[PDB]
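Chemist: when you get a sec, could you give me coordinates for this:
(one chain, ligands or ions: 1)
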Amino acid sequence: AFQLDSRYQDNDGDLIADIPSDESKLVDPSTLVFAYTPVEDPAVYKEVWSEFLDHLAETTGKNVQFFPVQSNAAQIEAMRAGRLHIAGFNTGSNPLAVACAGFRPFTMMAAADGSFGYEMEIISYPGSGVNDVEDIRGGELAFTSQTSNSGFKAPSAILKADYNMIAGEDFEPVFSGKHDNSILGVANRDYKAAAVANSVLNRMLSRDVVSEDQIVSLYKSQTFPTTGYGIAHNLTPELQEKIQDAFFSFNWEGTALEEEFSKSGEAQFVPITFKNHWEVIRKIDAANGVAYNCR
Ligand SMILES: O=P(O)(O)OC[C@@H](O)CO
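Modeler: Numbers count the residues shown, from 1 in each chain. Have a look at this structure:
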């Protein structure tokens, strides 16, 4: 029963907003605005995407601008409002971005053999006194933001279903804003427990943002699709095809993109469909009562 906002049409039944055929509704911007997902300080990813965005500019013939958005809500609103044209949305926000911002997802990173994904992990710091999930009872649990799968919705569902633990009764929730804030907060002993994306954790460890001896894992979830990449529904069809081509034609070898994302096992972009690959996420959304009320 997934529903797009009534400002979009879904004539072909693939659950994503159709490209308009009224030419007055299409946009052909002279500057394409791109945003990666704020799982971490976007300053970390500015140079990571730089060469990729140069290739995108050459492929599309447009100027390209990196938008260092700081929260999921701001990123969703920017695409809904027409200011953001191409984005990677965090896994947990793809259904909301599809429904309320007209996001058309088409690709996801994968390993060289086509395997993909990340898991939620619940982490503490060594010596915290929190040595398994059950030890969280009566204490605080750090979440990232309410649109996060691994940072809020998946751990809330797992704790309620498998550990008989609900926020406000069995633990007190706190919100850090970002995976990196949660991971840093655990490493610095601000948080005794946090639910985080282990892909982000591994790249932060590789970049020496935190050290291995500062973090202990207490739980690892099932595997989820990673960040979904896509386009605002109302760019001209010709431009959308060129953007997709730019994603698949970019040569990763020797680039800052490969240097970063090889640290969570990625090597390429592969096609996905929202209907298939995000089914597990829509179910976790429904288990948390998510409505997709765009307001
Ligand atoms: O914050 P979540 O929703 O778990 O998304 C992280 C995911 O985008 C990592 O690839």
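Chemist: for stretch 114-128, C-alpha coordinates in CSV please.
Modeler: Extracted in CSV, the C-alpha atoms of stretch 114-128 (Å, rounded to 0.1, in the frame of the first residue of the first chain):
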residue,chain,number,x,y,z
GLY,A,114,27.9,-7.7,-7.6
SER,A,115,27.4,-8.4,-3.9
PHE,A,116,26.2,-5.4,-2.0
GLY,A,117,24.8,-4.0,1.2
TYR,A,118,25.5,-2.9,4.8
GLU,A,119,24.3,-3.9,8.2
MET,A,120,23.2,-2.0,11.3
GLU,A,121,25.4,-2.6,14.3
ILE,A,122,24.9,-1.6,17.9
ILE,A,123,28.2,-0.4,19.3
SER,A,124,29.6,0.6,22.7
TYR,A,125,33.1,1.5,23.9
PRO,A,126,35.3,-1.0,25.7
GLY,A,127,34.9,-0.7,29.4
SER,A,128,31.5,1.1,29.3
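Chemist: that one and the ligand in contact?
Modeler: Yes. Judged by C-beta under 6 Å from any ligand atom, stretch 114-128 and the ligand are in contact via residue 118. The way it works is simple: take the backbone N, C-alpha and C, and place the C-beta from them, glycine included.
Chemist: tell me the buried residues in that stretch?
Modeler: 116, 117, 118, 119, 120, 121, 122, 123, 124, 125, 128 (16 or more other C-beta atoms under 10 Å).
Chemist: go on, stretch 195-204?
Modeler: 195, 196, 197, 198, 199, 200, 201, 203, 204.
Chemist: any residues of the stretch 1-150 of the chain in contact with the ligand? List them.
Modeler: Residues of the stretch 1-150 of the chain lying near the ligand by C-beta under 6 Å from any ligand atom: 37, 39, 90, 91, 92, 118, 148, 149, 150.
Chemist: now do the buried residues in stretch 124-143.
Modeler: Residues of stretch 124-143 classed as buried by neighbour count (16+ other C-beta under 10 Å): 124, 125, 128, 130, 133, 136, 141, 142, 143.
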